[PDB]
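Quick notes on the structure that follows.
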Amino acid sequence: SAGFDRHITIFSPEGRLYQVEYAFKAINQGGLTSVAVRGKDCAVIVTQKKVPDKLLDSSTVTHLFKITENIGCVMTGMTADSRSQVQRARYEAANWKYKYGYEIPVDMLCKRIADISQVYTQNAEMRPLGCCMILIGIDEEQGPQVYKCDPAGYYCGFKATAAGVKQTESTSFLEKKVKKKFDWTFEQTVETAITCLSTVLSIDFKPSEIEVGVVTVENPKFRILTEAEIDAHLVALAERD
Amino acid sequence: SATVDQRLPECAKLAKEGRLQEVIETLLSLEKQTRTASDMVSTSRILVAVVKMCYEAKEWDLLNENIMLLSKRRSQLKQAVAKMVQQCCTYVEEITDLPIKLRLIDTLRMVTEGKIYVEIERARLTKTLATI
Amino acid sequence: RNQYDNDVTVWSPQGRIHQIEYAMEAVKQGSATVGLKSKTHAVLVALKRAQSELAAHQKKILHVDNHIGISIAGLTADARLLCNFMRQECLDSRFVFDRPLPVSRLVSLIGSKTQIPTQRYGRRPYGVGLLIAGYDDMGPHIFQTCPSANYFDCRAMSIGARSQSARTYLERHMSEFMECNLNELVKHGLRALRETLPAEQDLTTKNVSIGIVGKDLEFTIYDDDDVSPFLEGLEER
Amino acid sequence: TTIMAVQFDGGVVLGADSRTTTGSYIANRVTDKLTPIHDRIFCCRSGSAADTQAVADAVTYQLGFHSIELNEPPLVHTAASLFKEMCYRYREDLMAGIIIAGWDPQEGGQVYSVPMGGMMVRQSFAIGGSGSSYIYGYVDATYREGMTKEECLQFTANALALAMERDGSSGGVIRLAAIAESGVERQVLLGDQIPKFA
Amino acid sequence: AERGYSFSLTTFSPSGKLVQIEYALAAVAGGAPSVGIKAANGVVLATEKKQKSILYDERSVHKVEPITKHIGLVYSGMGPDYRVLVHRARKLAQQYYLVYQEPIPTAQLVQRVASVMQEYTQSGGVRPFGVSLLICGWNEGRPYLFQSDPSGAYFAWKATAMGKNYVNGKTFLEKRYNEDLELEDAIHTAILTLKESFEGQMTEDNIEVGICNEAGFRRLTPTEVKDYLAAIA
Amino acid sequence: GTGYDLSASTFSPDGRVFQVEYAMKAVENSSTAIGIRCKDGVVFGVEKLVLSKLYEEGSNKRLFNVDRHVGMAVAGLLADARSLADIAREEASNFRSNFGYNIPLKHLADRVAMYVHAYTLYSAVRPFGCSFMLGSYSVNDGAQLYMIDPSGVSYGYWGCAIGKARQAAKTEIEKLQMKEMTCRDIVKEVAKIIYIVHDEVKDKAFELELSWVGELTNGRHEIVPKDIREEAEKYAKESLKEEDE
């Protein structure tokens with residue numbers, strides 16, 4: 001069935017949306033990978049950082065964005081789509097805070113973005129922008145929260161997830177590591193995320209070829225770890241592993 | 001380098017005079033610098049020399065700890081680790097007091113819990129352990 | 001092609017866009033026109049065609065605001081539309097700012113307007129090439145605009161069917177320009193049209209239009225017997 | 001009402017009375033005129049409470065979104081410019097006059113005054129509100145360039161005390177907010193901490 | 001078959017089919033099992049919440065959701081379309097409440113949601129909702145269980161199953177369902193119907209059940225679902 | 001054909017939109033525009049191609065002034081480049097009208113990138129067929145240089161090169177200590193790089209367009225003066241002879 005393939009709004013005779021599936025394939029096209037894990041009182045996102053040139057400003061190159069003061073996201077997929085969806089998420093969070101007087105819950109922001117994407121999946125006006133957004137925040141009543149906002153309107157919440165080329169391998173690794181004492185600390189969660197990326201990619205990380213963002217209950221502000229902190233984590237945890 | 005292997009003899013003399021961990025830490029810092037520079041030869045000499053110093057000492061509860069450490073440090077160089085384990089095996093065969101050498105055998109085995117580049121060495125260690 | 005040239009909205013798999021090239025071809029279905037400029041004048045000279053020996057010769061020089069005239073080659077519908085737009089823009093500038101619209105800005109407006117169709121599926125690119133002659137306080141200007149929405153500031157240019165003869169003549173003789181009397185300038189333009197003409201044909205008062213603008217000379221179009229002082233003076237081959 | 005702002009090297013102190021009348025009756029007597037726009041920028045509001053609050057909320061939304069998008073702390077000039085745009089555009093509907101004072105890394109210690117209309121003027125010290133005039137003349141004499149944070153705090157306290165004393169529409173407690181690199185320190189002078197005759 | 005007349009929603013095929021809406025219904029049938037049983041004194045909805053991994057936090061996204069104090073809704077099909085439809089149903093119920101100071105009847109809510117689906121199945125640039133909704137309400141003094149299809153058609157049901165194994169579910173409900181069934185027995189029947197099409201171990205936290213009695217619609221807590229599973233087993 | 005390469009709103013069965021890739025191909029067919037961010041400024045150089053002796057000097061400028069303090073260097077369809085320059089000028093004007101201060105270049109790059117992404121989303125419009133660079137300098141933000149491409153990505157840069165000779169230009173830029181050079185010398189380096197990458201037997205005519213925005217302009221972008229451009233051109237020709245020798 002290849003006729004039912006060029007239009008986002010056409011159901012295949014068995015009821016499939018091939019253009020949405022192709023948007024997912026587009027997610028698996030930036031080459032990078034991202035992982036996210038939540039401990040007792042923190043959430044961590046770690047993304048592979050490729051800077052294949054000396055002339056490219058690594059400070060500007062990034063996939064971790066601060067959606068609001070207390071919510072962060074890691075984007076994987078086409079970069080233009082990633083930044084467009086990041087701007088949309090920031091705008092939605094600002095509108096929520098304006099209308100309702102309190103910071104947008106992470107699950108609410110994910111539902112808003114997923115609804116926005118579902119609209120494009122249903123109507124035929126745009127293409128479903130091919131990016132995957134993993135959001136992390138600290139909810140006052142639930143605790144640390146990690147969510148995904150794939151480009152079809154699906155936004156389940158996660159104990160630990162991955163996106164990009166090696167999402168399946170990272171998922172298997174995190175399943176194994178979470179069946180055993182899912183209760184992780186801050187250092188243990190950073191360990192688990194970094195180890196998942198390193199093992200799935202089959203490489204040990206320099207302090208620069210990796211980008212980590214973190215939120216904690218004690219300090220519930222999205223913080224992007226600096227090079228010194230990344231190196232400290234890598235060296236200390238590899239040594240004491 | 002030659003400068004490395006001439007400042008290492010003074011460390012050997014200090015260890016013989018008695019250095020529980022001071023020379024150990026000095027050599028660890030030196031090896032950190034060399035590894036970061038990615039100097040495989042320097043790493044190999046430093047590792048073999050530190051294990052040699054331990055063995056020349058009493059080293060009990062110290063040689064095994066240093067081997068565990070230098071194996072579990074950052075991405076040690078393949079040849080460096082291979083040379084260290086080969087040296088430690090050649091110095092393992094010439095040991096006695098089996099109730100105690102068993103601990104060193106186990107430490108070496110768990111350092112070599114499996115790696116394509118130390119397969120034969122682990123095999124010989126396992127054979128010696130089986131004979132014991 | 002065959003699926004990459006149906007509309008302007010599809011890039012061909014070569015980084016090439018085909019309907020714009022087809023409009024740039026449509027520009028060659030017009031008639032020869034040569035524009036050129038001295039240091040104090042600008043002259044457009046056009047070879048007016050004829051649909052029949054009874055029908056008059058189609059006009060090819062149009063009069064934008066007093067300091068600007070236009071010579072058209074290509075679709076006459078698009079020529080009319082762009083002429084109306086240019087006239088409106090010049091009038092708006094002379095209404096808001098009590099001064100003539102600069103030619104280099106009028107051409108930018110034309111470029112934006114003509115580029116908009118070349119990116120959206122609601123219309124076709126304006127299949128008309130323009131030679132805009134003008135005189136602003138900077139100096140005489142000759143501009144060329146093509147259906148691709150690209151404009152070139154030319155010291156002397158030619159467009160239309162059988163244009164390379166005139167363009168080669170202009171390249172050969174442009175060193176003479178600038179330090180030319182108006183009569184010599186018009187003569188050079190007429191020579192360029194002679195070069196683009198088929199050998200058996202010749203420039204007659206019936207089929208030649210001559211627009212001139214410059215310092216102390218508001219754009220004037222000479223047609224029919226008005227060109228006699230120019231063709232008569234022109235030397236013969 | 002009465003609102004004031006004084007600039008000192010490295011920071012700025014805002015102050016405001018806490019009266020909100022609806023005629024001759026104090027609907028609210030502990031009203032918090034000072035409003036934190038982003039984190040360091042503060043706005044002192046005067047005029048109709050509804051218009052001032054709506055403008056402040058809209059400007060807070062706009063400036064928060066702008067700062068998050070820029071990944072940089074906002075400029076006091078940017079906040080006062082947003083206020084100016086809104087006030088000038090809706091001159092005829094907004095009976096609101098505002099004083100935007102704060103600190104930013106580039107031009108720390110800034111005070112702009114957007115009075116009724118759409119004006120945009122930086123000042124070493126700005127005053128607004130119904131009771132402004134009296135303390136306005138008084139500060140014209142009292143102000144001296146080069147004050148420190150403590151001197152500016154006492155200056156603002158005395159000024160607002162005079163305005164409250166001589167103005168029927170101003171009165172209650174005096175709310176102060178000192179902004180600088182370290183952050184924002186807000187305090188209140190209730191009944192006795194505020195001068196008695198000066 | 002009629003191959004040409006299957007890409008558009010604004011053309012009848014020579015035999016009269018609207019093939020694209022049938023394809024939407026195929027998308028529905030290729031979804032998670034859900035069951036609805038109209039007890040004598042209430043209604044029960046169930047649906048498997050089996051996740052694709054242990055990592056999916058199976059407490060964040062719910063499948064059996066309320067729409068009013070007396071109406072709830074489950075689905076079989078695509079989750080995003082379901083989210084859209086539940087939001088629209090809530091909005092319609094609120095509009096009805098504002099106009100008439102009275103909770104919307106279940107029949108009326110079903111009519112209006114079916115009208116929404118019809119709106120989405122009447123153009124070429126829009127894709128029909130690829131879900132089937134099961135609405136359960138306690139309007140008046142009797143329970144109501146309705147189905148709404150992508151085509152905009154709505155049914156009243158005694159008991160039904162939709163999703164992957166709806167045929168087996170309906171045969172099982174034909175065998176087991178009796179009209180004079182108390183809600184407590186209907187919950188067991190619902191869970192058993194799910195079990196008959198539920199692969200893996202039906203743990204309390206991977207199944208979602210919502211009841212609707214005279215006290216109003218309520219999603220049973222995982223502890224309650226665990227108790228019901230233990231009693232059934 | 002592929003069958004999925006018509007309209008920028010269609011994903012091929014790989015996650016690839018081919019219209020954007022064809023736009024990238026279109027930009028990777030034009031003259032070369034490079035830009036280097038020295039310590040106290042940014043310098044743009046463009047190898048404009050004089051396609052006829054009739055065009056007067058300065059025709060078809062590929063260096064635009066997008067706001068007073070920001071320069072733009074384009075490469076690709078020049079009609080699209082002019083339209084994007086107008087869009088960026090309007091965005092900077094709107095920023096200065098709303099917020100009251102010169103637009104930060106990072107924000108301007110993000111806005112124009114979002115516009116380009118808007119045009120790559122839909123099937124009723126084709127993706128912009130040109131890349132470009134935005135350079136600026138200010139006391140409080142420092143020299144900045146960004147590159148935008150048809151897909152709409154706005155990565156920052158230290159040295160960038162777009163057009164036919166981009167890989168060679170980047171190779172020749174890597175061998176520069178830009179982080180500690182000054183404008184007066186980085187301009188000469190830009191001229192030399194452009195002359196080296198320029199192909200004389202293929203592109204025939206040639207004109208070097210230079211511009212800088214840096215401390216020595218008070219953060220005001222402008223075209224490099226006549227004498228400075230002449231000296232840089234002379235140095236570039238001498239360096240070409242030296243490399244040949």
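Residues are named by chain letter and number: chains run A, B, ... in the order of the structure tokens, numbers start at 1 in each chain, and ligands are numbered from 1 in the order shown.
What chain F places within 6 Å of chain C, counting only C-alpha atoms, is residues 6, 22, 23, 25, 26, 54, 55, 56, 59, 79, 124, 125 and 126 of chain F.
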Selected residues written out with N, CA and C atoms, as a PDB file, in the first residue's frame:
```
ATOM      1  N   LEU F   6       8.062  16.625  -4.281  1.00  0.00           N
ATOM      2  CA  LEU F   6       7.219  17.760  -4.620  1.00  0.00           C
ATOM      3  C   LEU F   6       6.582  18.294  -3.345  1.00  0.00           C
ATOM      4  N   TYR F  22      16.864  20.318  -2.095  1.00  0.00           N
ATOM      5  CA  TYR F  22      17.053  20.941  -3.401  1.00  0.00           C
ATOM      6  C   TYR F  22      17.348  22.427  -3.259  1.00  0.00           C
ATOM      7  N   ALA F  23      16.732  23.091  -2.281  1.00  0.00           N
ATOM      8  CA  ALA F  23      17.081  24.483  -2.013  1.00  0.00           C
ATOM      9  C   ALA F  23      18.534  24.605  -1.569  1.00  0.00           C
ATOM     10  N   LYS F  25      20.872  22.601  -2.431  1.00  0.00           N
ATOM     11  CA  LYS F  25      21.635  22.407  -3.657  1.00  0.00           C
ATOM     12  C   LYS F  25      21.688  23.689  -4.473  1.00  0.00           C
ATOM     13  N   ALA F  26      20.579  24.426  -4.520  1.00  0.00           N
ATOM     14  CA  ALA F  26      20.556  25.682  -5.259  1.00  0.00           C
ATOM     15  C   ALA F  26      21.533  26.685  -4.667  1.00  0.00           C
ATOM     16  N   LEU F  54      28.527  45.023 -19.100  1.00  0.00           N
ATOM     17  CA  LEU F  54      27.551  46.103 -19.141  1.00  0.00           C
ATOM     18  C   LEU F  54      27.139  46.550 -17.744  1.00  0.00           C
ATOM     19  N   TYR F  55      27.002  45.616 -16.808  1.00  0.00           N
ATOM     20  CA  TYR F  55      26.595  45.982 -15.459  1.00  0.00           C
ATOM     21  C   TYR F  55      27.602  46.946 -14.850  1.00  0.00           C
ATOM     22  N   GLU F  56      27.097  48.017 -14.250  1.00  0.00           N
ATOM     23  CA  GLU F  56      27.965  48.987 -13.605  1.00  0.00           C
ATOM     24  C   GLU F  56      28.533  48.412 -12.310  1.00  0.00           C
ATOM     25  N   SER F  59      26.675  46.703  -8.942  1.00  0.00           N
ATOM     26  CA  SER F  59      25.419  46.034  -9.234  1.00  0.00           C
ATOM     27  C   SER F  59      25.370  44.679  -8.538  1.00  0.00           C
ATOM     28  N   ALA F  79      17.279  37.162  -5.716  1.00  0.00           N
ATOM     29  CA  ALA F  79      15.931  37.651  -5.444  1.00  0.00           C
ATOM     30  C   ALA F  79      15.477  37.236  -4.049  1.00  0.00           C
ATOM     31  N   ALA F 124       2.392  25.394  -0.194  1.00  0.00           N
ATOM     32  CA  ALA F 124       1.989  26.503  -1.045  1.00  0.00           C
ATOM     33  C   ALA F 124       3.127  27.467  -1.330  1.00  0.00           C
ATOM     34  N   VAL F 125       4.303  27.244  -0.746  1.00  0.00           N
ATOM     35  CA  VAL F 125       5.459  28.103  -0.962  1.00  0.00           C
ATOM     36  C   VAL F 125       6.704  27.232  -0.954  1.00  0.00           C
ATOM     37  N   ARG F 126       7.727  27.668  -1.696  1.00  0.00           N
ATOM     38  CA  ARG F 126       8.961  26.911  -1.787  1.00  0.00           C
ATOM     39  C   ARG F 126       9.993  27.441  -0.798  1.00  0.00           C
TER      40      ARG F 126
END
```
Legend entry - Every residue of range 21-180 of chain A that DSSP places in strand (DSSP E), as an MDAnalysis selection string: chainID A and resid 33:38 42:47 64:68 71:77 131:139 143:148 157:158 160:164
Inset, instruction - Name all residues at most 12 Å from residue 2 in chain D (count only C-alpha atoms; drop same-chain ones fewer than 2 positions away) and give them as a PyMOL selection string. - result: chain D and resi 4-5+14-20+31-34+44-47+97-99+126-136+156-157+159-175
Excluding range 178-183 of chain D and any residue of its chain fewer than 5 positions from it, enumerate the residues within 8 Å of it, using only C-alpha atoms, and give them as an mmCIF file with N, CA, C and O atoms, in the first residue's frame.
```cif
data_model
loop_
_atom_site.group_PDB
_atom_site.id
_atom_site.type_symbol
_atom_site.label_atom_id
_atom_site.label_comp_id
_atom_site.auth_asym_id
_atom_site.auth_seq_id
_atom_site.Cartn_x
_atom_site.Cartn_y
_atom_site.Cartn_z
ATOM 1 N N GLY D 10 25.169 51.824 41.541
ATOM 2 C CA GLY D 10 25.061 50.384 41.597
ATOM 3 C C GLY D 10 23.677 49.844 41.874
ATOM 4 O O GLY D 10 23.501 48.619 41.882
ATOM 5 N N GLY D 11 22.691 50.701 42.096
ATOM 6 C CA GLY D 11 21.361 50.218 42.396
ATOM 7 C C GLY D 11 20.343 51.332 42.389
ATOM 8 O O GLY D 11 20.587 52.416 41.856
ATOM 9 N N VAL D 12 19.189 51.050 42.987
ATOM 10 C CA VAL D 12 18.088 52.008 43.002
ATOM 11 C C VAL D 12 17.082 51.574 44.057
ATOM 12 O O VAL D 12 16.833 50.382 44.237
ATOM 13 N N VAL D 13 16.479 52.551 44.734
ATOM 14 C CA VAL D 13 15.479 52.287 45.761
ATOM 15 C C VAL D 13 14.152 52.882 45.316
ATOM 16 O O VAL D 13 14.073 54.071 44.993
ATOM 17 N N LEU D 14 13.116 52.052 45.304
ATOM 18 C CA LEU D 14 11.752 52.482 45.049
ATOM 19 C C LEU D 14 11.000 52.577 46.367
ATOM 20 O O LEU D 14 11.331 51.898 47.341
ATOM 21 N N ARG D 40 14.526 42.020 38.916
ATOM 22 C CA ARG D 40 15.143 43.221 39.458
ATOM 23 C C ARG D 40 14.394 44.481 39.083
ATOM 24 O O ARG D 40 14.419 45.449 39.840
ATOM 25 N N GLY D 102 15.047 50.001 38.358
ATOM 26 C CA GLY D 102 15.662 48.705 38.550
ATOM 27 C C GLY D 102 17.146 48.722 38.287
ATOM 28 O O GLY D 102 17.789 49.773 38.301
ATOM 29 N N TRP D 103 17.681 47.527 38.058
ATOM 30 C CA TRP D 103 19.103 47.329 37.844
ATOM 31 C C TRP D 103 19.304 46.282 36.760
ATOM 32 O O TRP D 103 18.599 45.271 36.725
ATOM 33 N N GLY D 108 23.259 49.527 35.293
ATOM 34 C CA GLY D 108 22.681 49.341 36.610
ATOM 35 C C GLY D 108 22.201 50.624 37.255
ATOM 36 O O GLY D 108 22.780 51.691 37.032
ATOM 37 N N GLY D 109 21.141 50.535 38.053
ATOM 38 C CA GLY D 109 20.607 51.704 38.721
ATOM 39 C C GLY D 109 19.933 52.672 37.773
ATOM 40 O O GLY D 109 20.453 53.761 37.524
ATOM 41 N N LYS D 149 23.152 53.789 49.417
ATOM 42 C CA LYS D 149 21.889 53.074 49.562
ATOM 43 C C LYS D 149 21.140 53.521 50.809
ATOM 44 O O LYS D 149 19.925 53.742 50.764
ATOM 45 N N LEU D 153 17.561 55.399 51.007
ATOM 46 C CA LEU D 153 16.432 54.838 51.741
ATOM 47 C C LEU D 153 15.817 55.876 52.670
ATOM 48 O O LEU D 153 14.592 56.047 52.703
#
```
Distance query range 81-84 of chain D at most 8 Å, only C-alpha atoms, self and fewer than 6 positions along chain excluded, as a short mmCIF file (atom, residue, chain, number, x, y, z; two decimals) with N, CA and C atoms, in the first residue's frame:
```cif
data_model
loop_
_atom_site.label_atom_id
_atom_site.label_comp_id
_atom_site.auth_asym_id
_atom_site.auth_seq_id
_atom_site.Cartn_x
_atom_site.Cartn_y
_atom_site.Cartn_z
N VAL D 55 -1.82 46.76 32.82
CA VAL D 55 -0.61 47.12 32.10
C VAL D 55 0.59 46.40 32.70
N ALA D 56 0.68 46.37 34.03
CA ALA D 56 1.81 45.72 34.68
C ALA D 56 1.84 44.23 34.38
N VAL D 59 2.93 43.75 30.75
CA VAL D 59 4.35 44.03 30.59
C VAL D 59 5.18 42.93 31.23
N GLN D 62 5.16 40.12 28.69
CA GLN D 62 6.00 40.43 27.53
C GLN D 62 7.47 40.36 27.89
N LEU D 63 7.85 40.96 29.03
CA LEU D 63 9.25 41.01 29.40
C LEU D 63 9.77 39.64 29.81
N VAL D 114 7.27 57.07 33.15
CA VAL D 114 6.29 57.17 32.08
C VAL D 114 5.00 57.74 32.68
N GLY D 118 2.49 59.10 27.13
CA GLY D 118 3.42 58.09 26.68
C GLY D 118 4.87 58.49 26.84
N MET D 119 5.14 59.44 27.73
CA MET D 119 6.50 59.96 27.84
C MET D 119 7.48 58.87 28.24
N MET D 120 8.76 59.20 28.09
CA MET D 120 9.87 58.28 28.34
C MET D 120 11.07 59.14 28.72
N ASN F 98 9.54 48.42 19.18
CA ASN F 98 8.87 47.87 20.35
C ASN F 98 9.71 48.03 21.61
N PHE F 99 10.90 47.42 21.62
CA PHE F 99 11.69 47.34 22.84
C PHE F 99 12.61 48.53 23.05
N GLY F 100 12.97 49.25 21.99
CA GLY F 100 13.66 50.51 22.13
C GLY F 100 15.17 50.47 22.08
#
```
